[PDB]
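To start, the structure under review is shown below, and the notes come after it.
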Amino acid sequence: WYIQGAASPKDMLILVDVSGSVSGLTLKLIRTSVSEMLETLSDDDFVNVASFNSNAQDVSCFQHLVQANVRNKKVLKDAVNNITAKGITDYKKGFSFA
Amino acid sequence: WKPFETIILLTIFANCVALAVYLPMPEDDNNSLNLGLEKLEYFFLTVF
Ligand SMILES: [Ca+2]
């Protein structure tokens, strides 16, 4: 209730950095922030989740911004969890894909 | 004669600073100074 009147609905898009340097304590922290970030999202809010390491793939099956209802968010919170860090960081292919 | 004994003693001190400034990163991840430092290794590999 606080959130819907805080602000206007929003199409967000979470990028996740999956380069090798992140693996460790930091990688562990990211999977819990994104799940946390989602809690914030609402049905009126659309959201997808991407991830980059020298190529930007998209974390799940979706490929476009989806309604971020209870179900869709459940899919994204279940694909954020299985991520493995490997590879070169590329912020240019990560923001092109975004 | 005199300085070839001391330019190759100065080359080797420059090879020990290039091993020092290397920064090891996990999982094959590299910043841009580690890439220019493996281009220095080739130049230190032929002088020796
Ligand atoms: Ca990195």
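Numbers in chain A come straight from Swiss-Prot, and the residues shown are 245-342, in order.
Including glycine, each Cβ sits where the backbone N, Cα and C put it.
According to Swiss-Prot, the feature motif 'MIDAS-like motif' maps to A:261-265. DSSP labels the residues of the motif 'MIDAS-like motif' (A:261-265) in these numbers: 2 helix, 1 strand, 2 coil.
Feature annotation from Swiss-Prot assigns divalent metal cation binding site to A:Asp261, A:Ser263, A:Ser265. A C-beta separation below 8 Å, combined with a sequence spacing of at least six in one chain, links A:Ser265 (divalent metal cation binding site) to A:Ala329, A:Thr333.
The Cβ of A:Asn326 (N-linked glycosylation site) lies under 8 Å from the Cβ of no residue that sits 6+ residues away along the same chain. Per Swiss-Prot, N-linked glycosylation site is recorded for A:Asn326.
Around the Cβ of A:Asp261 (divalent metal cation binding site), 17 further Cβ atoms fall within 10 Å across all displayed protein chains. In the vicinity of ligand 1, defined as a Cβ distance under 6 Å, the following of the recorded positions A:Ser263, A:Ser265, A:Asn326 are placed: A:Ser263, A:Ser265.
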